[PDB]
Structures are given as structure tokens and as C-alpha cells.
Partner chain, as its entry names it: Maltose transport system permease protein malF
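Only one chain is given next, in C-alpha cells, and it is the form solved without its partner chain.
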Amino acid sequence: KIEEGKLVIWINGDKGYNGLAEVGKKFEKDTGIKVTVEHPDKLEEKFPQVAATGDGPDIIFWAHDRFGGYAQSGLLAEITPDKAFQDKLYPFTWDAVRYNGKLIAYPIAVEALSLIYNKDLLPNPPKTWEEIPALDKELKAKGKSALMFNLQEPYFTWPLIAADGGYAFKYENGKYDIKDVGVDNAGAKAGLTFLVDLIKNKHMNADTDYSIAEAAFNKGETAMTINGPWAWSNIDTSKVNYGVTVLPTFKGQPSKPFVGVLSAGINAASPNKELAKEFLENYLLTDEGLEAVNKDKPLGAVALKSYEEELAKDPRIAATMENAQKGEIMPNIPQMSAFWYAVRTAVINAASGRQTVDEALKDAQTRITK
């Protein structure tokens, strides 16, 4: 089901697909081949399924953490750029899309969660997690709340779990040791207990998801939320007077978000590798290609140095870079998806009272290490 002569791109629904569509149109305008951009639900799970058949998109966008597993299944072409092109992007973004010494994708953007706050309702954001219960009780007196964020997805809670010492896989020599997993140590247990105490004492609800939290913030019902740059767009249309700052510390330690590098990989089963390379290197990864996407939903701190130089004056980009620096670049090993599924279950079970914190995280460590 090759087709040929066209490009099909999958990208997640939260990202600037309509912008990327613009960039596709221009490529189609001066090259003649059509580019259809789609955003299937559950594309990152679908990809290893369809592309296994020899079908699916020519180009697949997702954070880099999924890209080791795809590479291990031989689903991605090795990419090949001259030293000149490589010099156009930041080096650490290349490291993230290397699997077994090979490059498996092009880096586009560096993503890190920030604290987003309603300046009108809250001139100074808290410096610490510990001062959030008190802040909530003040605000509830006026029918507002302190903080709502998506609790269904472990990506949003990880920064608190990691803060006092939790980790995914220990980095040994050049390897991650997949048997040394830090989701059940004292640091992780401290962080998840805190969150669970926030819910027990009605400072937020176990059921809050991405939509609930986004609506509460953008209507001015909650003073704070935790999200990444793709969310800024929807806030601007609400005209809420917002700032974007460092995440609060916990026990004196910085919150530590897992940093994701938005990457684009070429399906090894594509009859269109050359057209794919062309589109990416010469259309998308230019100041003009990147701004068209950014205009639709912001990318974050972008991998292309020339555009980042223009973006870096923005205090939002500055905050994004400050949280990224306190955080850690995710592994891209195949075991990352196993990690995520276990942790997701642990958080949801702990937050809902189905399990104690200690039970939840012990299960997760057992599930991850086999």
C-alpha cells in the first residue's frame, strides 16, 4: 500500500497540524506532490502496527522517547545529513535521536512543562509545592482553586515524583541499566504521597484530565495549571492575563520534568524517502517552515539555531528553557513505553484510593523490571 508520489504525515492532535499543513501546501506548490497531514488518535501505538504491514505514513512525528522502540523493530530509515545541516541544529538534540550510534529522526523542538498562572488572580506564583494547600484554601473562599492539571497522564505528574529523587532508568556507562529503576525509592514515594494528600484533602480531584484542566484555567476558575507550549495558543484566545514560569520546588529541590524532543522519522517502508528528506530539511526545518507551525500551536524552544535565536527573547521560551535545564532528557530506549504504562497505572490507582502509594509504586517497579 506504498502508493508513491505523495507524502502522508502523522502528527499528534495537540500539535500545530494546520500550520504543518501550510508548509505542506507550499512544498506542493513548487514541487507538485501533495502532502496530507493527519492526526490519528493513538498514532504512536498504531504506527508499529500498520508500518509493520509495510503501510502507514511516510513521516511520523512524536517525542523521541518512542523512537528507540520503533528503530529496534526496524521501522525507521537511517537519516543522512551533511555536517553543514547538522551544524544548523543544537548538538544535544541529535544525541536524543541517536539509537545504537545511528540517527533515526530529525529533531524539531525541545519540550518541557512549565507552571502557567493567571496574573490577575495571582500576581506572584508560589515558589514551593508545600505552599499550595494554603493557597488553595484562600482561593476556595472566593470560589476559585489554586491548581488543576491533567492527572491521567504520568508525563504531567513526573516532575513532582522525580523532584526528591525518583528516576526512570539509571544511566551507567553509556548505557541505561534497565534493571535499575527508581520509581519506588523514597524520593518517588515522597512525591506521590504529596499529590495524593492534595486529593485526600480536596485540593484537587482524582478525575481531572487534560480537557477539564484546560477549561478550568481558561475560564479563570483555577489560578494555575501545568502544561507545555502547545497549550499557549488556547490561552491567548481566552485573553487570560497569564505568565509562564519555573515549576515549584518540592522539599527544597527543583521539579524535574522529562524533556521531550519533538522528532520526525521516515518510515523504512516508504517509497518516498527522498521526497521526505527534501520536505523536512529544505521546507520544514527552515525559519519559514518552523514559524508557520509555531503560529498554529507554539513548538517550544526549537532545534534550529537561527529561529531559536529569534524565539529566545520571549519570556515564555525562557521559562521553558529554565524548566528543561532542571529536568532530564528522556531515554529513547524501547523500555520507555513499558516504564510509562506502569507508572500511569500506579498514579491513577494511588490517586483514586484503589491502592496505597507504597503498593502502587512497588507493583510498577516489579512490572518494569519484569
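Residue numbers count along the first chain shown, from 1.
A second form of this protein, the form solved in complex with its partner chain, is not displayed here; the remarks below concern that form.
S.K.: Check each residue of 338 to 355 against its partner chain in the bound PDB entry and list those with a heavy atom within 4.5 Å, in sequence order.
M.R.: Sequence-ordered list: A338, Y341, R344, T345, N349, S352, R354, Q355.
S.K.: Splitting the motion between the shown form and the other one into two rigid parts, would you put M336 and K295 together?
M.R.: Both residues do not go with the same rigid part; they split.
S.K.: Closer or farther: the CA pair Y90/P248 in the bound PDB entry, versus this form, with a change of 3 Å or more?
M.R.: Here the pair is farther apart than in the bound PDB entry; there, closer.
S.K.: Where do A231 and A292 end up in the bound PDB entry, Cα atoms closer or farther than shown, with a change of 3 Å or more?
M.R.: Farther apart, by at least 3 Å.
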